[PDB]
$ cat my_file.pdb   # PDB, C-alpha atoms
MODEL        1
ATOM      1  CA  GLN A 173       0.000   0.000   0.000
ATOM      2  CA  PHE A 174       1.080   3.581  -0.669
ATOM      3  CA  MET A 175       1.556   5.556   2.550
ATOM      4  CA  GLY A 176       2.205   8.699   0.513
ATOM      5  CA  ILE A 177       3.532  10.012  -2.800
ATOM      6  CA  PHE A 178       5.445  13.291  -2.644
ATOM      7  CA  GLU A 179       5.477  14.748  -6.159
ATOM      8  CA  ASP A 180       7.541  17.861  -6.847
ATOM      9  CA  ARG A 181       8.800  19.787  -9.866
ATOM     10  CA  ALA A 182      12.365  20.926  -9.663
ATOM     11  CA  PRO A 183      14.097  23.405 -11.980
ATOM     12  CA  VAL A 184      16.950  22.287 -14.207
ATOM     13  CA  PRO A 185      20.003  24.452 -13.407
ATOM     14  CA  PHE A 186      21.635  26.669 -16.007
ATOM     15  CA  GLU A 187      24.800  24.560 -15.993
ATOM     16  CA  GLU A 188      22.632  21.526 -16.758
ATOM     17  CA  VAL A 189      20.496  23.234 -19.416
ATOM     18  CA  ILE A 190      23.530  24.465 -21.351
ATOM     19  CA  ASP A 191      26.219  21.885 -20.616
ATOM     20  CA  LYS A 192      24.106  18.709 -20.475
ATOM     21  CA  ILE A 193      20.803  19.099 -22.328
ATOM     22  CA  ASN A 194      21.968  21.452 -25.074
ATOM     23  CA  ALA A 195      25.532  20.158 -25.520
ATOM     24  CA  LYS A 196      25.293  16.374 -25.088
ATOM     25  CA  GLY A 197      21.521  16.000 -25.421
ATOM     26  CA  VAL A 198      21.342  14.152 -22.084
ATOM     27  CA  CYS A 199      20.072  15.009 -18.611
ATOM     28  CA  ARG A 200      21.434  14.224 -15.163
ATOM     29  CA  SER A 201      19.706  11.569 -13.058
ATOM     30  CA  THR A 202      19.976  13.636  -9.851
ATOM     31  CA  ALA A 203      17.885  16.697  -9.012
ATOM     32  CA  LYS A 204      19.676  19.234  -6.800
ATOM     33  CA  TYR A 205      17.534  22.268  -6.038
ATOM     34  CA  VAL A 206      16.369  24.664  -3.337
ATOM     35  CA  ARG A 207      12.965  23.900  -1.823
ATOM     36  CA  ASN A 208      11.448  25.347   1.360
ATOM     37  CA  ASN A 209      14.695  27.220   2.070
ATOM     38  CA  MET A 210      16.774  24.043   1.991
ATOM     39  CA  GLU A 211      19.096  22.391  -0.520
ATOM     40  CA  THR A 212      17.566  19.029  -1.457
ATOM     41  CA  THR A 213      18.921  16.431  -3.865
ATOM     42  CA  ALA A 214      17.013  13.402  -5.144
ATOM     43  CA  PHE A 215      18.771  10.474  -6.822
ATOM     44  CA  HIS A 216      16.825   8.561  -9.449
ATOM     45  CA  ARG A 217      16.239   4.915  -8.500
ATOM     46  CA  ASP A 218      18.295   5.685  -5.368
ATOM     47  CA  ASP A 219      21.353   5.037  -7.528
ATOM     48  CA  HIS A 220      24.481   6.933  -8.532
ATOM     49  CA  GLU A 221      24.439   9.978 -10.789
ATOM     50  CA  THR A 222      24.195   9.100 -14.478
TER      51      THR A 222
ATOM     52  CA  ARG B 123     -40.839  62.959 -76.803
ATOM     53  CA  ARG B 124     -41.135  59.198 -76.277
ATOM     54  CA  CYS B 125     -40.163  58.758 -72.636
ATOM     55  CA  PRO B 126     -40.005  55.367 -70.903
ATOM     56  CA  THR B 127     -42.701  53.915 -68.669
ATOM     57  CA  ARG B 128     -42.576  52.190 -65.293
ATOM     58  CA  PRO B 129     -39.907  49.470 -64.946
ATOM     59  CA  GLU B 130     -40.840  45.812 -65.244
ATOM     60  CA  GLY B 131     -41.021  45.199 -61.493
ATOM     61  CA  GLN B 132     -39.464  42.496 -59.336
ATOM     62  CA  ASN B 133     -40.877  38.967 -59.586
ATOM     63  CA  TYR B 134     -41.108  37.458 -56.105
ATOM     64  CA  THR B 135     -41.310  33.728 -55.386
ATOM     65  CA  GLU B 136     -43.370  33.218 -52.241
ATOM     66  CA  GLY B 137     -42.144  30.323 -50.147
ATOM     67  CA  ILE B 138     -41.060  29.029 -46.767
ATOM     68  CA  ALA B 139     -37.557  28.949 -45.320
ATOM     69  CA  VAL B 140     -35.447  27.592 -42.483
ATOM     70  CA  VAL B 141     -32.171  29.393 -41.759
ATOM     71  CA  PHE B 142     -29.374  27.376 -40.138
ATOM     72  CA  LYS B 143     -26.312  28.909 -38.491
ATOM     73  CA  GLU B 144     -23.024  27.297 -37.524
ATOM     74  CA  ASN B 145     -23.328  25.075 -34.455
ATOM     75  CA  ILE B 146     -21.114  26.141 -31.555
ATOM     76  CA  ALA B 147     -22.804  24.397 -28.611
ATOM     77  CA  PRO B 148     -20.897  21.329 -27.358
ATOM     78  CA  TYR B 149     -22.503  17.911 -27.570
ATOM     79  CA  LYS B 150     -23.746  17.132 -24.059
ATOM     80  CA  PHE B 151     -24.654  13.833 -22.428
ATOM     81  CA  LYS B 152     -24.966  12.088 -19.075
ATOM     82  CA  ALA B 153     -21.941  10.286 -17.633
ATOM     83  CA  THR B 154     -21.311   8.553 -14.325
ATOM     84  CA  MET B 155     -18.055   8.681 -12.365
ATOM     85  CA  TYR B 156     -17.165   5.752 -10.108
ATOM     86  CA  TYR B 157     -14.133   6.310  -7.916
ATOM     87  CA  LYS B 158     -12.748   5.914  -4.410
ATOM     88  CA  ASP B 159     -11.129   8.507  -2.177
ATOM     89  CA  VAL B 160      -8.245   6.729  -0.471
ATOM     90  CA  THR B 161      -7.006   8.949   2.353
ATOM     91  CA  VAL B 162      -4.078   7.691   4.422
ATOM     92  CA  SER B 163      -3.156  10.029   7.268
ATOM     93  CA  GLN B 164       0.023   9.908   9.340
ATOM     94  CA  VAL B 165      -0.538  11.287  12.844
ATOM     95  CA  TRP B 166       2.157  11.906  15.446
ATOM     96  CA  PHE B 167       0.724  11.702  18.962
ATOM     97  CA  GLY B 168       2.548  14.091  21.262
ATOM     98  CA  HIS B 169       2.278  14.392  25.014
ATOM     99  CA  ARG B 170      -0.825  16.607  25.045
ATOM    100  CA  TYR B 171      -1.613  17.076  21.335
ATOM    101  CA  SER B 172      -1.967  15.181  18.066
TER     102      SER B 172
ENDMDL
END

$ encode --input "my_file.pdb" --output "structure tokens"
Amino acid sequence: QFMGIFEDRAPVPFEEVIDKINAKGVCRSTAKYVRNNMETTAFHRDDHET
Amino acid sequence: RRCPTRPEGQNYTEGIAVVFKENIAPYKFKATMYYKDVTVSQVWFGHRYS
């Protein structure tokens, strides 16, 4: 059973928009962003950055 | 002088008419929604409050 599903939208940083998405055509698997006055990072699949 | 007489006059065809305009109203019908609100609440019970 689901006890809860926290869904959020995080911005893609400038250094990821230019250097990753626009240059290589890929996106990082980790979201590092400021939410509720705190720096939070989420790793996809609870794995390493890819 | 030989001056002209009254014009011929318009010939009118008596009849019946129905005037249709473009349809803009959406097609409406009756539907039924079956669903379930699943609400799972996490409560922390303090000393004097919840």

$ atom_distance --input "my_file.pdb" --atom1 "CA of residue 172 in chain B" --atom2 "CA of residue 175 in chain A"
18.6 Å

$ interface_residues --input "my_file.pdb" --of "chain A" --to "chain B" --cutoff "10 Å" --atoms "only C-alpha atoms" --output "number ranges by chain"
A: 173-176

$ atom_distance --input "my_file.pdb" --atom1 "CA of residue 217 in chain A" --atom2 "CA of residue 197 in chain A"
20.9 Å

$ atom_distance --input "my_file.pdb" --atom1 "CA of residue 215 in chain A" --atom2 "CA of residue 200 in chain A"
9.5 Å

$ closest_residue --input "my_file.pdb" --among "A:221, A:203, A:209, A:216" --to "residue 182 in chain A" --atoms "all atoms listed in the file"
A:203

$ build_atoms --input "my_file.pdb" --residues "range 192-211 of chain A" --atoms "N, CA, C and O atoms" --output "CSV table (one decimal), in the frame of the given file"
chain,number,residue,atom,x,y,z
A,192,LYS,N,24.6,20.1,-20.3
A,192,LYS,CA,24.1,18.7,-20.5
A,192,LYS,C,23.0,18.6,-21.6
A,192,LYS,O,23.2,17.8,-22.5
A,193,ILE,N,21.9,19.3,-21.4
A,193,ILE,CA,20.8,19.1,-22.3
A,193,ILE,C,21.1,19.7,-23.7
A,193,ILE,O,20.8,19.0,-24.7
A,194,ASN,N,21.7,20.8,-23.8
A,194,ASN,CA,22.0,21.5,-25.1
A,194,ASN,C,23.2,20.9,-25.7
A,194,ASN,O,23.3,20.9,-27.0
A,195,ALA,N,24.3,20.6,-25.0
A,195,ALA,CA,25.5,20.2,-25.5
A,195,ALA,C,25.5,18.7,-25.9
A,195,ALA,O,25.8,18.3,-27.0
A,196,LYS,N,25.3,17.8,-24.9
A,196,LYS,CA,25.3,16.4,-25.1
A,196,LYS,C,23.9,15.8,-25.4
A,196,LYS,O,23.9,14.7,-26.0
A,197,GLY,N,22.8,16.5,-25.2
A,197,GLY,CA,21.5,16.0,-25.4
A,197,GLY,C,21.0,15.1,-24.3
A,197,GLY,O,20.0,14.4,-24.5
A,198,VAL,N,21.7,15.0,-23.2
A,198,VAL,CA,21.3,14.2,-22.1
A,198,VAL,C,21.0,15.0,-20.9
A,198,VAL,O,21.2,16.2,-20.8
A,199,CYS,N,20.4,14.3,-19.9
A,199,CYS,CA,20.1,15.0,-18.6
A,199,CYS,C,20.6,14.2,-17.4
A,199,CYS,O,20.6,13.0,-17.5
A,200,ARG,N,21.0,14.9,-16.4
A,200,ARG,CA,21.4,14.2,-15.2
A,200,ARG,C,20.3,13.5,-14.5
A,200,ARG,O,19.1,13.8,-14.6
A,201,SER,N,20.7,12.4,-13.8
A,201,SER,CA,19.7,11.6,-13.1
A,201,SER,C,19.5,12.0,-11.6
A,201,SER,O,18.8,11.4,-10.9
A,202,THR,N,20.1,13.1,-11.2
A,202,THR,CA,20.0,13.6,-9.9
A,202,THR,C,19.4,15.0,-9.9
A,202,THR,O,19.9,15.8,-10.8
A,203,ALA,N,18.5,15.4,-9.1
A,203,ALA,CA,17.9,16.7,-9.0
A,203,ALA,C,18.4,17.4,-7.7
A,203,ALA,O,18.0,17.0,-6.6
A,204,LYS,N,19.2,18.4,-7.9
A,204,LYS,CA,19.7,19.2,-6.8
A,204,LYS,C,19.1,20.6,-6.9
A,204,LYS,O,19.3,21.3,-7.9
A,205,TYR,N,18.3,21.0,-5.9
A,205,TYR,CA,17.5,22.3,-6.0
A,205,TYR,C,17.2,22.8,-4.6
A,205,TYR,O,17.2,22.0,-3.7
A,206,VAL,N,16.8,24.0,-4.6
A,206,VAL,CA,16.4,24.7,-3.3
A,206,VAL,C,14.9,24.6,-3.2
A,206,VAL,O,14.1,25.1,-4.1
A,207,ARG,N,14.4,24.0,-2.1
A,207,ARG,CA,13.0,23.9,-1.8
A,207,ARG,C,12.8,24.2,-0.3
A,207,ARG,O,13.5,23.7,0.5
A,208,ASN,N,11.8,25.0,0.0
A,208,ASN,CA,11.4,25.3,1.4
A,208,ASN,C,12.7,25.8,2.1
A,208,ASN,O,12.9,25.5,3.3
A,209,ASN,N,13.5,26.7,1.5
A,209,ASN,CA,14.7,27.2,2.1
A,209,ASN,C,15.7,26.1,2.5
A,209,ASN,O,16.3,26.2,3.6
A,210,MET,N,15.8,25.1,1.7
A,210,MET,CA,16.8,24.0,2.0
A,210,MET,C,17.2,23.4,0.7
A,210,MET,O,16.4,23.2,-0.2
A,211,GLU,N,18.5,23.0,0.6
A,211,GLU,CA,19.1,22.4,-0.5
A,211,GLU,C,18.8,20.9,-0.5
A,211,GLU,O,19.3,20.2,0.4
